[PDB]
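In: Got an experimental structure here, sequence first:
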Amino acid sequence: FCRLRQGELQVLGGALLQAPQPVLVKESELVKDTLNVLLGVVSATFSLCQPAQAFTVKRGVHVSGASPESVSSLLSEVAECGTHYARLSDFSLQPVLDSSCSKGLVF
Amino acid sequence: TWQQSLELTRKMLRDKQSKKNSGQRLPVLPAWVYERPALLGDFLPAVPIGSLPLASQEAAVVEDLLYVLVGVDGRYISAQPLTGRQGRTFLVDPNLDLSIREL
């Protein structure tokens, strides 16, 4: 039903989803990708794309009995969280990473 | 190579010790220790990762890394010889899962 509603909206708008067309994501697959970003990693829907540096969504994951709009919207909120996690882990490596640091013991 | 450089360094140290010792004898280790690469302690210097299960491939890589960190080239990731003064260069199988291989 929701995929049909999304498809009707797409037909009205000219099939302007491409990626937002449901990325058929098993709730298990979504949980796995969540466990991926749980390490602050760049999952498939959390990939650190070139213009992302951090969580970048997959092809519009749908929900259990829904289209991708709200499913991937909540996924995108969680993706903002996991993108912050990936970047934050990189920032958490700032002391070790900046071994040749001209900033003293502060960093 | 690293072995050649180590041998040259030992020879140079021996030469300096002979030039400075005025005939003072120094211990000479059996060359088999430095001439036995199988006796080196560094990292030794896999199922198709697209076919094995990600968990099974991860377990095989875990055994591989236990071996490599214990001085034995692993199945998927193996740290290989160093050219001169360097660490053992780890070459990982490229078909593994992205995050798994990254970690």
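Out: Structure's in. What do you need? Residues are numbered from 1 along each chain as shown, chains lettered A, B, ... in the order given.

In: Tell me how many other residues crowd residue B:69.
Out: Applying other CB atoms under 10 Å in any protein chain shown, we find 13 residues neighbouring residue B:69. In this view, the C-beta of every residue, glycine as well, is placed from N, C-alpha and C.

In: Where do the helices of the chain begin and end?
Out: Here I'm looking at chain A. All helices of chain A, identified by DSSP state H, fall at A:2-13, A:27-38, A:68-92, A:94-97.

In: That was the other one, I meant chain B.
Out: Under the criterion DSSP H, helices of chain B are mapped to B:2-21, B:31-34, B:54-69, B:98-102.

In: any idea how far the nearest residue to residue B:40 once chain neighbours are set aside is from residue B:37?
Out: Excluding its sequence neighbours, the residue lying closest to residue B:40 (CB to CB, 6 or more residues apart in numbering or on different chains) is residue B:71, at 7.7 Å. Separation of residue B:71 from residue B:37 (CB to CB, to the nearest Å) stands at 11 Å.

In: Give me the more crowded residue out of the two.
Out: residue B:71 (14 against 11).

In: I'd like to know how far that one sits from chain A.
Out: Per CB to the nearest CB, to the nearest Å, residue B:71 is found 25 Å from chain A.

In: Isn't that residue up against residue B:38?
Out: No - using CB atoms under 8 Å, residue B:71 makes no contact with residue B:38, being 10.2 Å away.

In: so how far does stretch B:18-25 reach from one end to the other?
Out: End-to-end distance for stretch B:18-25, by CA to CA, to the nearest Å: 8 Å.

In: chain center to it, what's the gap?
Out: On the basis of CA atoms, centre = their mean, to the nearest Å, stretch B:18-25 sits 34 Å off its chain's mean C-alpha point.

In: Kindly report the same for stretch A:53-61.
Out: Chain-centre distance of stretch A:53-61: 4 Å, with CA atoms, centre = their mean.

In: Between the two ends of that stretch, how far is it?
Out: Start-to-end, stretch A:53-61 (CA to CA) is 20 Å.

In: Equivalent analysis for stretch A:21-32, please.
Out: 21 Å.

In: Name the residues that touch that stretch?
Out: Outside stretch A:21-32, the residues that touch it by CB atoms under 8 Å, 6 or more residues apart in numbering or on different chains are A:3, A:6, A:10, A:33, A:45, A:58-62, A:64, A:67-68, A:71-72, A:75.

In: What residues of it count as buried?
Out: A:21, A:22, A:23, A:25, A:30 (16 or more other CB atoms under 10 Å in any protein chain shown).

In: So which of these belong to strands?
Out: Judged by DSSP state E, the subset of those located in strands is empty.

In: Any figure for the gap between the closest residue to residue A:40 other than its chain neighbours and residue A:28?
Out: Excluding the flanking residues, the one nearest residue A:40 by CB to CB, 6+ apart is residue A:85, at 3.5 Å. Applying CB to CB, the value for residue A:85 to residue A:28 is 21 Å.

In: mind checking the backbone torsions on residue A:53?
Out: phi 60, psi 0 (degrees, to the nearest 10).
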